[PDB]
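Residue numbering restarts at 1 for every chain, and letters A, B, ... go by the order of the sequence lines. In what follows, every heavy atom counts, from backbone to side chain, and hydrogens, waters and symmetry copies are set aside.
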Amino acid sequence: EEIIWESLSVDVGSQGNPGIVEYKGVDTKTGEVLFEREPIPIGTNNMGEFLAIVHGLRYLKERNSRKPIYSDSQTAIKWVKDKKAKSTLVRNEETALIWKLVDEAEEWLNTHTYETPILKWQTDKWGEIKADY
RNA sequence: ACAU
DNA sequence: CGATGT
Ligand SMILES: [Ca+2]
Ligand SMILES: [K+]
Ligand SMILES: [K+]
Ligand SMILES: [K+]
């Protein structure tokens, strides 16, 4: 229906898919960048979106914030709900770094709790997510 | 088909 | 036009 303005929005950016992956989280209302991940040399769009949501969860928990997280990624939202990132990216020395981060993000989800609602950004109705690149 |  | 996903 309507945007929950008191929220954190995340977004992935990439150069290639697979290719260089980065992500950031922003205040949905103001656009203020709240966190930005150093670019990861090789990963997929969906791994980046997954890592972005999990980082937002950890960021909000550490700050005792009950704000929801918006993501436009059907895939990543489901991976977080499942606590399992079902990526097809091969595992090799080239992809070790992103797979390490993804493996660690799943481990974190399996060892911590949170009530943070994870919400679908309705691009069709609201336009591009505010964390856009 | 939908979400990227 | 290609790729990542449910
Ligand atoms: Ca975007
Ligand atoms: K996105
Ligand atoms: K983007
Ligand atoms: K497809």
Ionic contact status for A:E104 with A:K100, cut-off 4.0 Å: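 Looking at A:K100 and A:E104, the cut-off is met.
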
Determine whether a donor-acceptor pair (N or O, by modelled atom type, separation under 3.5 Å) exists between the side chain of [X] and the backbone of [Y].
X     : Y     : result
A:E6  : A:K67 : no
A:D27 : A:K29 : yes
A:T95 : A:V90 : yes

Given atom [atom1] of [X] and atom [atom2] of [N], what is their separation to the nearest angstrom?
X     : N     : atom1 : atom2 : value
A:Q74 : C:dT6 : CD    : P     : 10 Å
A:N45 : C:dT4 : CG    : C1'   : 4 Å
A:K78 : C:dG5 : NZ    : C1'   : 10 Å
A:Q15 : C:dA3 : CD    : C1'   : 15 Å
A:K81 : C:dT6 : NZ    : P     : 14 Å

A:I53 side chain near A:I77 side chain, heavy-atom distance below 4.5 Å: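 Yes; the side chains approach each other to less than 4.5 Å.
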
Any A:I98 side-chain heavy atom under 4.5 Å of A:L51 side chain: yes

Criterion salt bridge (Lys or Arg N to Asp or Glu O under 4.0 Å) against A:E106, the qualifying member of A:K84, A:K86, A:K83: A:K84

Geometric cation-pi criterion, A:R37 with A:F35: 6.0 Å, 45°: no

Interface residues of residues 91-110 of chain A with RNA chain B (non-hydrogen, below 4.0 angstrom): none

Just N and O in the side chain of [X]: are any of them under 4.0 Å from OP1 or OP2 of [N]?
X     : N     : value
A:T88 : C:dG5 : yes
A:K86 : C:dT6 : yes
A:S87 : C:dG5 : yes
A:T44 : C:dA3 : no

Touch class at under 4.0 angstrom, heavy-atom based, for A:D72 against every strand present: sugar-phosphate

Identify all side-chain donor-acceptor contacts of residues 117-133 of chain A below 3.5 Å with residues at least two apart in sequence or on another chain.
unit_1, atom_1, unit_2, atom_2, d
A:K120, NZ, A:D72, O, 3.3
A:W121, NE1, A:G127, O, 2.7
A:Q122, OE1, A:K125, NZ, 2.6
A:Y133, OH, A:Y23, N, 3.3
A:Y133, OH, A:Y23, O, 3.3
A:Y133, OH, A:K24, N, 3.3

Contact interval (first through last nucleotide) of RNA chain B with protein chain A, 4.0 Å heavy-atom: B:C2 to B:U4

